[PDB]
Amino acid sequence: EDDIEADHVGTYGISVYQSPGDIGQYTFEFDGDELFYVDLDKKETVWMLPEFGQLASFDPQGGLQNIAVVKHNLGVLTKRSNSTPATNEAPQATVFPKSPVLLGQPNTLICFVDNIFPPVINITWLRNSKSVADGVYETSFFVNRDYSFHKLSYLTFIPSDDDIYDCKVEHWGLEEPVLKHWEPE
Amino acid sequence: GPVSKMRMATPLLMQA
Amino acid sequence: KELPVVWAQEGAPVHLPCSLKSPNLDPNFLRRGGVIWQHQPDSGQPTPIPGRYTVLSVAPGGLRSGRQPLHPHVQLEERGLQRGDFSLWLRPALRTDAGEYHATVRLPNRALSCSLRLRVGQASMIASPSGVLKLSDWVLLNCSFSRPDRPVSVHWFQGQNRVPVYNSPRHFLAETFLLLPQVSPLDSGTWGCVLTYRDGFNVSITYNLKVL
Amino acid sequence: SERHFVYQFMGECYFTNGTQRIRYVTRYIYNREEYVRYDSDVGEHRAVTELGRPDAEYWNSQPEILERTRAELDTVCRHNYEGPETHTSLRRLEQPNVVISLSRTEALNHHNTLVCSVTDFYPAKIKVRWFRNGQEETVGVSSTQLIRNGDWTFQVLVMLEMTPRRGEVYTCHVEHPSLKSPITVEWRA
Ligand SMILES: *[C@@H]1O[C@H](CO)[C@@H](O)[C@H](O)[C@H]1NC(C)=O
Ligand SMILES: *[C@@H]1O[C@H](CO)[C@@H](O)[C@H](O)[C@H]1NC(C)=O
Ligand SMILES: *[C@@H]1O[C@H](CO)[C@@H](O)[C@H](O)[C@H]1NC(C)=O
Ligand SMILES: *[C@@H]1O[C@H](CO)[C@@H](O)[C@H](O)[C@H]1NC(C)=O
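Residues numbered from 1 in each chain as written, not as in the entry; some residues may be left out. Chains lettered and ligands numbered in written order. Heavy atoms only, no water. Residues with missing side-chain atoms left out of burial classes, pairs and counts.

Structure determination for this entry is recorded as X-ray crystallography, at 3.84 Å resolution.

The name given to chain D in the PDB entry is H-2 class II histocompatibility antigen, A beta chain, with the source organism recorded as Mus musculus. For this entry, the PDB record gives the title as "Structure of LAG3 bound to the MHC class II molecule I-A(b)". What UniProt states about chain D under its Subcellular location heading is, verbatim, "Membrane". Here chain D is described in UniProt, under the heading Sequence similarities, as follows: "Belongs to the MHC class II family." (UniProt positions renumbered as here; feature names shortened; annotations may be inferred.)

Taking the PDB entry as the reference, chain C is identified by name as Secreted lymphocyte activation gene 3 protein belonging to Mus musculus.

Let us look at the pattern of salt bridges. Residues and elements named next belong to chain D. This structure, assessed with the given rule, holds 14 salt bridges over all chains. Here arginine 23 ties to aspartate 41 by a salt bridge, and the two come within 3.1 Å at their closest N and O atoms. With a gap of 18 residues between them, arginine 23 in strand β2 (residues 22-30) and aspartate 41 in the loop between β3 (34-39) and β4 (45-46) connect regions that are remote in the sequence. Here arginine 129 and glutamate 175 are joined by a salt bridge, their closest N and O atoms 2.6 Å apart. In this pair, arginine 129 sits in strand β7 (residues 127-132) while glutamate 175 sits in strand β12 (residues 170-175), placing the two residues 46 residues apart along the sequence. A relative accessible area of 26% places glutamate 175 in the partly exposed class. One salt-bridge network, in which partners are shared between bridges, spans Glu12, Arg27, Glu34 and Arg37. (Salt bridge = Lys/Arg side-chain N within 4 Å of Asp/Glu carboxyl O. Helix = DSSP H or I, 4+ residues; strand = E, 2+ residues; numbered from the N terminus. Buried < 20%, exposed > 50% of the residue type's maximum accessible area, 1.4 Å probe, protein only.)

Residues and elements named next belong to chain C. Looking at where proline 60 falls in the secondary structure, it is placed in the loop between β4 (53-58) and β5 (64-66). Overall, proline 60 belongs to the partly exposed group, its relative accessible area being 27%. Considering only alpha carbons, one finds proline 60 and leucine 107, 47 residues apart in sequence, at a separation of 9.6 Å.

The extent of an interface is frequently quoted as the accessible surface area lost upon association of the parts. With 48 residues of chain D in contact, the opposing surface of chain A contributes 54 residues. Among the elements that line the side of chain D that touches chain A, the one with the most residues is strand β1 (residues 5-15) of chain D, at 11 residues. By residue class, the composition of the side of chain D that touches chain A is 20 nonpolar, 15 polar and 13 charged. Pairing of strand β1 (residues 8-10) of chain A with β1 of chain D, which is carried by three bridges, proceeds in the antiparallel orientation. Along β1 of chain D, the bridge assignment pairs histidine 8 of chain A with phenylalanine 15 of chain D. (Contact = heavy atoms within 4.5 Å. Nonpolar A, V, L, I, M, F, W, Y, C, P; charged D, E, K, R; others polar. Pairing = 2+ DSSP bridges.)

Another point: the sheet that holds β7 of chain D. The strands that make up a sheet are held in pairs by hydrogen bonds between backbone atoms, and each pair lies either parallel or antiparallel. Residue and element names in this part refer to chain D. Read from one edge of the open sheet, four strands run β8-β7-β12-β13, paired in antiparallel fashion. Looking at strand neighbours, the two that pair on one side only are β8 (135-137) and β13 (184-187), the edges of this open sheet. With strand direction ignored, the average angle separating the axes of adjacent strands in the sheet is 35°. Where β7 and β8 come together, three bridges link them in antiparallel fashion. Paired with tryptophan 130 across the strands is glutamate 137, a residue of β8. (Axes fitted to C-alpha atoms, helices over the stretch in contact; angles between N-to-C directions.)

UniProt marks residues 96-184 of chain D with the feature "domain: Ig-like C1-type", using the numbering shown here. End-to-end, the C-alpha atoms of residues 96-184 of chain D are 12 Å apart, and along that stretch the chain is 0% helix and 49% strand.

This paragraph deals with the domain arrangement of chain C. Residues and elements named next belong to chain C. Looking at the assigned domains, one finds that chain C contains domain 1 (5-121) and domain 2 (124-209). Relative placement of domain 1 and domain 2: their C-alpha centres are 34 Å apart. Between domain 1 and domain 2, the contact holds four residues from the first and eight residues from the second. Between domain 1 and domain 2, roughly 500 Å² of surface is buried when both sides are summed, and carbon and sulfur atoms account for 65% of that area. When residues of domain 1 are sorted by the area they lose upon contact with domain 2, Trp7, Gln9 and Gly121 head the list and together hold 95% of the total. At the junction of domain 1 with domain 2, the criterion picks out zero salt bridges. Applying the counting criterion to the domain 1 and domain 2 interface returns zero residue pairs in polar contact. The element best represented in the side of domain 1 that touches domain 2 is strand β1 (residues 5-9), accounting for three residues. Class assignment for the residues of the side of domain 1 that touches domain 2 results in two nonpolar, two polar and no charged. (Domains from an automatic or database assignment. Buried area = accessible area lost by both parts, 1.4 Å probe. Polar contact = N/O pair within 3.5 Å; in protein donor to acceptor, adjacent residues only side chain to side chain.)

Let us now look at the site of ligand 2. Residue and element names in this part refer to chain C. With respect to spatial proximity, the complete set of residues near ligand 2 consists of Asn142, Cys143, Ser144, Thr176 and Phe177. Residue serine 144 places a side-chain N or O atom 3.3 Å away from an oxygen atom belonging to ligand 2. Contacts to ligand 2 include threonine 176, whose side-chain N or O atom sits 3.4 Å from an oxygen atom. For ligand 2, the accessible surface in isolation is 360 Å², of which the surrounding protein chains cover 43%. Take the shell around ligand 2: its biggest share by element is three residues, from strand β11 (residues 140-144). Residues belonging to the shell around ligand 2 are distributed by class as follows: two nonpolar, three polar and no charged. (Near = heavy atom within 4 Å. Areas by Shrake-Rupley, 256 points an atom, 1.4 Å probe, with all protein chains shown as cover.)

Encoded structure:
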């Protein structure tokens, strides 16, 4: 009943600010896929797809102006609300391959973490319980209608029988960091 | 000439 | 053989567990375990022409896979999955879930496949004087559901704080019934009943009794 | 530790049609709670909660701010739709990759579950159907939900409980608009 249907829906810019710590973020998403985002301190527009940046251009100064006005909005709200509590929720992860798994061929393992609140989370990868960081991609925090957030991480790896991969998640709303193990076949 | 037209998102501000 | 049967109160989450006995194991060997659950809504009566289907399955990676329309009720606790437990958790008790359920748990070494039956028992409390009671008149309440076996113990309670009501000269208890001969205005409020069984089935059904 | 707080602001453009009907909704969120909401059907900032009463009133006492927000329906939503979004979303083409997998085999004459993996496709109206020797099957079929890969591509897995003899061949059939004729992948036993 709360959901309304449209042919296409675009957020055309999502602003997120967290206090204290001054955690800012500004993205640009359309119909589920992230078009691009705006870097905080580098003052530049970073496109998720490189071909998307060959035809359109967004001014990141408006990105910094809106994240500053969101900072002011949260500042005056926290000053006016006085003593109001904030809640935490534990996220849920899911590990899956990008393409069909073929042993010996390079593939990309994706770790999808949903229901992230607050959006402060460490998403790491472990190869045979060992720390690994070879081409670890992380998208920006997409937004859900539950006002929670969902992010995705990428690992380009080689599927082999002697390798078992797990995705580790460290969150403020988790009493211990949880690890989702995975071994194909 | 082809241009990279893209309108920005416009926020707002309260006083409080 | 002789598949066990489990009852369920409509509108209340039902516990459908199945764990591998109780030996403490290495969690690393526990995360590498797939699960498949199938259901066949059936009955002794000719409900089918005289069919099974896969409701949900999750590979160790954590991905869901089920019937084309997503079932919003079933949501695995995930915690119990990492605690040597595979349990079906639906939030609303579906009245259309009356049937047979089969399991498939796949591990690199051993493997178990539990199986049982589910029957939906709509629980309700029926009053003999249907309506608002007078200033002083009799009243009878019978709380039960569609179950052949008789309850072993029945508890009653009054008020929103759930104060257990005992047998009194004005509070008569017999089997699964409650009767009050004179209903004073103080007897108004939420009166509830709790049932028990040999399998430990609790049914806490309430009813708002209004006196003149 | 101590008091943490999260703030969010967004403005959604709903396109029920192409250029006929456009809708604009701005949302302000504090601690996963919305407190100020503007709708293009309303025409002014309304307070969804009492906390957002003075703030919305500040946006209701400024005529230039209200006219700017009303004009954002055409300068932010429609302008981006007819320009960049038409040139960066409609132009992005895709092709689904359809493969076939099998959990267990053995003699295959026993019970079995065939898998059809359709990966790396842009989300659209897809009709995936299982066919045994040319006839569509619906019983025992179990397909995953729309899995968002997050990189503009999608993925889906369909499963069919295949019991009949090895002598028969199975096939997966998918109907995606990016491909003119539905690609058909066959698997022999
Ligand atoms: C995440 O990692 C950082 C260091 O990179 C650490 O300071 C922080 O405590 C970790 N966890 C959380 C929940 O912030
Ligand atoms: C009264 O409740 C009992 C068990 O609590 C149930 O078996 C019976 O059908 C109910 N109705 C009657 C006796 O009319
Ligand atoms: C009934 O009692 C048992 C035993 O204490 C308890 O575990 C169970 O949760 C109760 N049932 C319900 C449906 O609350
Ligand atoms: C959508 O817009 C087009 C172009 O103006 C128009 O022909 C069509 O009728 C509209 N759709 C509906 C459902 O009115």
